[PDB]
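Visitor: sharing the initial chains of the complex here, in place:
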Amino acid sequence: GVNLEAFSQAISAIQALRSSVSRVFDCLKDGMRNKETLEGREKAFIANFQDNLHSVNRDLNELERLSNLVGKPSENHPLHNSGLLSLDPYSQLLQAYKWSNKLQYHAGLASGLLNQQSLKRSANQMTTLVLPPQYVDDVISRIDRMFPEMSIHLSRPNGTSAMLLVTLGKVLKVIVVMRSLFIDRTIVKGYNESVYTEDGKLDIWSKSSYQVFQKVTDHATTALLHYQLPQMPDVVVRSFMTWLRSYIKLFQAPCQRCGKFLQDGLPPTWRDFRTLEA
């Protein structure tokens, strides 16, 4: 697994294991300059001694470590070394192996700091923001279905615009009827109250529920109207899907008791809590 990175911290740990004892003897390198207030200075010595206990903690750190070992030792890395002398002038690639990573890592910061944009204007510098091809919808559908344990379906019986339905662990399916590219004008229900497979005769609208999911529907509409980025509609629908995923539990109830109202949910901050409080 990825627990190997934990060993990195362990490295720093044993580093202190050295420094600690140095900080001990350095503290013994000189005596009382001028206490004049108390004799805790000597205790200060023992204070450094206390940090030596940290070393024992290092031994404890190995209890959580050693999850399991992976097969095929050496992880296909030194296979290039098995080549003849002709292959040895190849380490460069391995360097790039880190470099590329750094690249990503650099972007990992850069893109992050790209969040604070400076686009004083976005028009009068040019188009067709509505996606022409009726194939990018299927692309977005497949990208969403790439997510596990969350099934998505779509029929689009109305026309050019997009129509889709999504289901989760509960029967709280969500019907989203939006334009070509970005999600807008959706609704949610629960327990066959919509039944948008063959409701009456087709995927009906019915604009209703028993006064429980209505707040969730309004919040999802707000999230759709708020996450409408100027570009990258795929990012928009992915953010929408991630937001929708946050209701798969409906179990916790922080910053209040589980008796304030019918339910509780408003996670635009990537964390749900008691509703009617933000």
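Guide: It's in. Residues are numbered from 1 along each chain as shown, chains lettered A, B, ... in the order given.
Visitor: my guess is residue A:212 meets residue A:190, correct?
Guide: Yes: between residue A:212 and residue A:190 a contact is recorded at 7.0 Å, counting by C-beta atoms under 8 Å. Where you see a C-beta, it was placed from the backbone N, CA and C, and this is true even at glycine.
Visitor: how about the strands in the stretch 51-200 of chain A?
Guide: A:152-154, A:162-166, A:174-178, A:186-188 (DSSP state E, counting those that start in this stretch).
Visitor: now for the second one, which elements pack on it?
Guide: What that stands for is strand A:162-166. strand A:152-154, strand A:174-178 (3 or more C-beta pairs under 8 Å, 6 or more residues apart in numbering; DSSP states H and E).
Visitor: how far away from the center of its chain is the last one?
Guide: The offset between the C-alpha centroid of strand A:174-178 and the centroid of the whole chain comes to 24 Å, using C-alpha atoms, centre = their mean, to the nearest Å.
Visitor: which outside residues touch it?
Guide: A:158, A:161-166, A:183-189, A:194, A:196, A:203, A:205, A:220, A:224, A:244 (C-beta atoms under 8 Å, 6 or more residues apart in numbering).
Visitor: mind putting the helices and strands packed on strand A:162-166 in JSON lines, distance to residue A:48 and mean neighbour count included?
Guide: Output for those, formatted as JSON lines (distance: least, C-beta to C-beta, whole Å; neighbours: other C-beta atoms under 10 Å):
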{"stretch": "strand A:152-154", "distance to residue A:48": "60", "mean neighbour count": "17"}
{"stretch": "strand A:174-178", "distance to residue A:48": "60", "mean neighbour count": "21"}
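Visitor: further, place chain B onto the existing structure:
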Amino acid sequence: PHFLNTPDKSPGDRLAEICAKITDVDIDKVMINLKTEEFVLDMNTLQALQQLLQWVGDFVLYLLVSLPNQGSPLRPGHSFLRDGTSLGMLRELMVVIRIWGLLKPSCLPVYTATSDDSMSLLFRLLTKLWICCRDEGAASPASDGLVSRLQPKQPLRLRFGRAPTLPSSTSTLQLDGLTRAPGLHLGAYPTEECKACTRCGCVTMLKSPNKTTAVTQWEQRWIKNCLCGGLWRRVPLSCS
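Guide: Alright, chain B goes in next:
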């Protein structure tokens, strides 16, 4: 003359002075060759060797490493000490502290390694350079190359007492009342101050009460003005 020994043909210090007429190496031989018994004074002598006498030991060590430094940008470098007479006096000091350590195990060894008696080899190299420089000798013999070897025993960071001066050459020296502008070895010298530490300007840098029980010899011997000791000053410790 600090020996309460038993009398003999001549004085103890006087008879010790003639040690010059002795072989080069193996001080352990010459010590019993002159006299061994009448040199102990009392049990309460275990305060000088491990505390203050160690200096002289380190002293001779500081000579060795400083021996091959003629090419340095200083003709005598740190020091030269090629007098011989004073060197003979120091060699007598070495043999008497050797018989002292023979009388008590709390002497000043090399403190580092090769104890199974570095002092013996140190002393023999010193006597070698002595006899090589006693009566108008050479300086840098082939022996110089071999004694120049750095044994893993030499310590560093010695005081080498000194003081500033007044280099007011010709024109002007303006100072304030305070905040000067730039331009006894019985231990008693830690990193930070630990007592009143009444010091002096010549070389002393010592403590005020000497913090001892029966070492009053040195303390009483230096309560008054020390070597040009008009500069017996005092200053408190710093506070944060």
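Visitor: once you drop chain neighbours, what's closest to residue 234?
Guide: All of this is about chain A. residue A:140 (6.1 Å; C-beta to C-beta, 6 or more residues apart in numbering or on different chains).
Visitor: let's do chain B instead
Guide: In space, residue B:234 is closest to residue B:198, 4.9 Å off (C-beta to C-beta, 6+ apart).
Visitor: so how far is chain B from the residue nearest to residue A:234?
Guide: 68 Å (C-beta to the nearest C-beta, to the nearest Å).
Visitor: what's the span of stretch B:190-204, first residue to last?
Guide: 14 Å (C-alpha to C-alpha, to the nearest Å).
Visitor: list the contacts of it.
Guide: A:29-34, B:159, B:161-163, B:184, B:188, B:205-209, B:211, B:222, B:226-229, B:231-238 (C-beta atoms under 8 Å, 6 or more residues apart in numbering or on different chains).
Visitor: cool, and stretch A:160-167?
Guide: Taking C-beta under 8 Å, 6+ apart as the rule, stretch A:160-167 contacts A:134, A:137, A:141, A:150-157, A:173-180, A:196, A:203, A:244.
Visitor: stretch B:135-150 now?
Guide: B:64-65, B:67-68, B:70, B:82, B:84, B:125, B:128-129, B:131-133.
Visitor: compare these and tell me which is most surrounded.
Guide: residue B:129 (23 neighbours; other C-beta atoms under 10 Å in any protein chain shown).
Visitor: which element is the one residue sitting closest to the centre of chain B on?
Guide: Centroid-nearest residue in chain B: residue B:56, 3.0 Å away (criterion: C-alpha atoms, centre = their mean). For residue B:56, the host element (DSSP states H and E) is helix B:54-66.
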